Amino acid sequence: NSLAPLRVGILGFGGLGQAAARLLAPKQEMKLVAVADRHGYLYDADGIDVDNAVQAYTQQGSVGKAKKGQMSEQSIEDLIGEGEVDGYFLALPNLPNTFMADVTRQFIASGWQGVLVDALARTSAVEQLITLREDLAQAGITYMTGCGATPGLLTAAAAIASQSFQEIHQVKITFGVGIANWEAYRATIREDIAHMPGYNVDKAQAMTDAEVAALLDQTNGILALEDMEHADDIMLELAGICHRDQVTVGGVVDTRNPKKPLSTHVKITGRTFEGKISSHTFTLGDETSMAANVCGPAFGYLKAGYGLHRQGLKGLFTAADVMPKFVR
């Protein structure tokens, strides 16, 4: 596959998409050929120049401003029809809550076939993609949903851990995030503030940077989120592991420190066939960033998705359903 690498694209070029591009750079079996943001796109069948695209984006507002870039207010539509791309990572803020589904309906409408991957967080966003299962399948698209850190990595770990038990009692995810680069987080931070007490997507999305800084001042830069609406729950339910109500997700983001404020882990509790109650724990290393734990799994699921696609398996899959494949 070093002779014929998987040709991939990234939609959305905020902090996560940019990290995704950097992660792809040293891969030999995967090549980044396509990036789109809201106001432009960049295609390069020979492989994207990541430094140039990042410069363009951060200094001129869009990758359409990069060498070989194209400005466009229909960048996704234009990009889909421009290039030979085997799969895309949808690194798109789900703002509003319908956006990911709407982008997916454009892939469907386009006639394009291949693999799509997302790192959606919200159960209700994942439910919108579930409504599209047959449309995806009929379109010839293998869609990998919730394939980030959580849902994703931690969800798959819980699916594996569950095999020791006759019955599952609880899957509890606690995450920590330290923000190293403010620019890389603003434009997703409202997605998180929406999980705050007395907030929601519409309210958070409409906040000014002034109002955000004010909220953060109160809690010293810390967003402690409990019992989040998080698609891990329906994913583990669709995989037959447990009911969604037995899955709980919470976490802490420290907007003022690059160090994780706590060690991310998932605890899986259940009863074994011998009637013993016990828990497995999967814990992430403190020096693995949000970016690595989201984008790493995302492309491992893209690779896995492609394997499925190449076997004629189309439709919607979750992180809980298949083994991601290590990308080299």
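Heads up: residue numbers just count along the shown sequence, starting at 1.
Trainee: In the PDB record, does 296 to 304 or 25 to 33 carry the higher mean Cα temperature factor?
Mentor: The stretch with the larger average C-alpha B-factor is 25 to 33.
Trainee: Please work out which of 104 to 112 and 153 to 161 has the higher mean CA B-factor as recorded in the PDB entry.
Mentor: In the deposited entry, the stretch with the higher C-alpha B-factor mean is 104 to 112.
Trainee: Specify which of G87, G146, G81, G176 carries the largest Cα B factor in the deposited PDB entry.
Mentor: Answer, based on the entry's C-alpha B-factors: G81.
Trainee: Using only the C-alpha B-factors in the record, can you name which of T142, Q246, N181, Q166 has the highest?
Mentor: That would be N181, according to the entry.
Trainee: Sorting the chain's CA B-factors, does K276 end up in the lowest, middle or highest third?
Mentor: It falls in the middle third of the chain.
Trainee: Where does the C-alpha B-factor of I234 rank in its chain, lowest, middle or highest third?
Mentor: CA B-factor rank for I234: lowest third.
Trainee: State the tercile, meaning the lowest, middle or highest third, of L6 with respect to the CA B-factors recorded for its chain.
Mentor: For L6, the deposited C-alpha B-factor lands in the middle third.
Trainee: Determine, from the deposited record, the chain-internal third of the Cα B-factor for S289: lowest, middle or highest.
Mentor: Lowest third of the chain for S289's C-alpha B-factor.
Trainee: If you rank every modelled residue in this chain by C-alpha B factor, which third holds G69: lowest, middle or highest?
Mentor: Within its chain, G69 is a highest-third residue by C-alpha B-factor, going by the deposited values.
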